[PDB]
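Presented as structure tokens, the chain that follows is alone, the form deposited in one PDB entry.
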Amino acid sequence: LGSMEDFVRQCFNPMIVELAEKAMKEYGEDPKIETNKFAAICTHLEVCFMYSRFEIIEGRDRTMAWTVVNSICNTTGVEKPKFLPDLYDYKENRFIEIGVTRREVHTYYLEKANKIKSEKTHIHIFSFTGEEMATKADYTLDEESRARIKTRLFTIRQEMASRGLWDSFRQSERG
């Protein structure tokens, strides 16, 4: 049984580890203790950066994110989201909320949708199974582009498994 804080650090992007290290410290969660959530954050992030037409919101400091949201919201006449999407899509002129779950796709979706009280925020969910779900059957990206996202979650799962780490990860998610 390996060290997740190891695997995370030596299996994600430096960039990605330290944006998520830094995302965590901001809620006073230690990456050394909260290592399963540490990886999850890194993965969720990695995905958002592969779904990139698209402006990125996840990853920025909250000050920077909220300003980013606002110039768009001021320039397009788009409703302000209450919370913070992950991306914006210039082609469909909408904000997108990205979700990566190790649970039920349907459960995670409705949890997302009911949080954000979206009218216009689009919601794309993937899991480590292929299983996915986008708001209104609107998959935004082309079967290929989504497929590469699918492949890599798979390459995350087994590489965890190689170290006895997959098992726990799998079962430790909540809402």
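Numbers follow the displayed sequence, beginning with 1.
The form solved in complex with a small molecule exists for this protein as well; it is not shown, and the discussion that follows is about that form.
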(request) Name the single residue among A23, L165, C11, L153 that comes within 4.5 Å of the small molecule in the entry with it bound, judging by heavy atoms. (result) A23
(request) Would you point out which of 145-153, 62-70, 105-113, 131-139 contains residues with a non-hydrogen atom within 4.5 Å of the small molecule in the entry with it bound? (result) 105-113
(message) Given that the small molecule is not shown alongside this chain, does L45 nevertheless sit within 4.5 Å of it in the entry with it bound, heavy atom to heavy atom?
(response) yes
(request) With heavy atoms only and a cut-off of 4.5 Å, decide whether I123 touches the small molecule in the entry with it bound. (result) no
